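First, one chain by itself in structure tokens, the form deposited without ligand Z2F.
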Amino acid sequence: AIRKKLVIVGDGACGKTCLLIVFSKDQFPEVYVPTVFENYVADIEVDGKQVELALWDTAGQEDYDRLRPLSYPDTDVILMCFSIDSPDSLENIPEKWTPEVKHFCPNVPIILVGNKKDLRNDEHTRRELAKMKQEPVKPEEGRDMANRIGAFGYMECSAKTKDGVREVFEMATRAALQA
């Protein structure tokens, strides 16, 4: 079991905190959904290789440009998150997050993750976004952004239903293990 480090980045509305909680518990909390995530070391076996994957959140560091980069040293894989119910969170990926992650984590694989995929066909989400002349992020829009920023890959998930969550972290482990 080799030790690897994962950091999740993205806007507050991207759902990064919920994603880490749901993966670490293998359950969407039924009684109480924690406000914050401290850290976790997940035991993952991917393609026959055992890894201890340390998980870190950057929630709360978004407005502090000198505190936030302290989370980056020795990172092996980055999860760059946006929410499918928020085209505004996707627009902030090439402008702010990508240059920052390429500066502090050179040559570290980035997986672009579209969170809240269960809201793509939610009528309330479609009605709300239509007021600001918007609609949920389309799969090809996510793929194209991932291609443009030089992401290792593009993935979608729903922390609410758990669909795609395990796959995201197993792929992150594979990326962390590459040359």
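Only residues modelled in both forms are compared. Between two forms, the rigid core is the largest collection of C-alphas that superpose within 1.5 Å. One-based numbering along the sequence shown.
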Quiz item: Looking at the deposited entry, does 137-145 or 27-35 carry the larger mean Cα B-factor?
Solution: 27-35
Self-check item: Entry-level comparison of average CA B-factors, 94-102 and 76-84, reporting the higher stretch
Solution: 94-102
Quiz prompt | Top Cα B factor in the deposited entry, candidates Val113, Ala59, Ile110, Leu119 | solution = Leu119
Self-check item: Largest Cα B-factor, entry values, listed residues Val9, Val22, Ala13, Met155
Solution: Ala13
Quiz item: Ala176's Cα B-factor: lowest, middle or highest third of the chain?
Solution: middle
Self-check item: Lowest, middle or highest third - CA B-factor, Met132
Solution: highest
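Below, we turn to the form solved in complex with ligand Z2F, even though it does not appear here.
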Quiz item: Hey, in the deposited bound form, does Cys105 get a heavy atom within 4.5 angstroms of ligand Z2F?
Solution: yes
Self-check item: Contact label in the deposited bound form: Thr75 to ligand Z2F, heavy atom within 4.5 Å
Solution: yes
Practice problem: Scan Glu128, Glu140, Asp26, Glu45 for the one whose CA shifts by 2 Å or more between the shown form and the other one after superposing the rigid core, and name it. | Solution: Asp26
Exercise. Report the moving segments between the shown form and the other one: consecutive residues, 3 or more per run, each with a CA shift of 2 Å or more after superposition on the core, given in sequence order.
Key: 26-28
